[PDB]
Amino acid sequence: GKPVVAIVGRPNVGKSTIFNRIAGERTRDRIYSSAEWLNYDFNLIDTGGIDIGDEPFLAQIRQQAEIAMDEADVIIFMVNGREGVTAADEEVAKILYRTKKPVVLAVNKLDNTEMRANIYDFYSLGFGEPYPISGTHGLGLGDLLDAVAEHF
């Protein structure tokens, strides 16, 4: 698949679980894989699987974001809807402000519709509409991939 979509985010936001829900090729996931979702044919990257080589935590999360800004056509910025906006999320956001490329914000661990309102805190990151998802329950994936593919 021609467009490249990269998932970026701090640890424990659900990146590998979403990669495995979406990816064709079966660390916790294959890192780089073809993917197909209906009419969408693309390559997917879980940048959280890229070992940066003995660097501090914050440097590793910023460097994963930088690799996405280099490699990808569209970035999925993933955050944890049960934890709010953390400083580490703010640090990833500050890196992603440097790109012109489309960033779609995905708020994961929203395990049923009653949790949707947890998205409103994440408008503060400055990437527009947060998309609620659950990788374990398989929720919101079509809506997320439609927003990503709008950019193709």
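Start at 1 with the first residue shown and count on from there.
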| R26 to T27: deposited residues without atomic coordinates | 10 or more
| query | If you average the Cα B factors in the entry, which is higher, 142-150 or 1-9? | reply | 1-9
| With respect to the recorded C-alpha B factors, which stretch has the higher mean value, 36-44 or 51-59? | 51-59
| Deposited CA B-factor, highest of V103, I95, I119, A106 | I95
| note | Listed options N112, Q64, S124, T99: highest C-alpha B factor recorded at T99
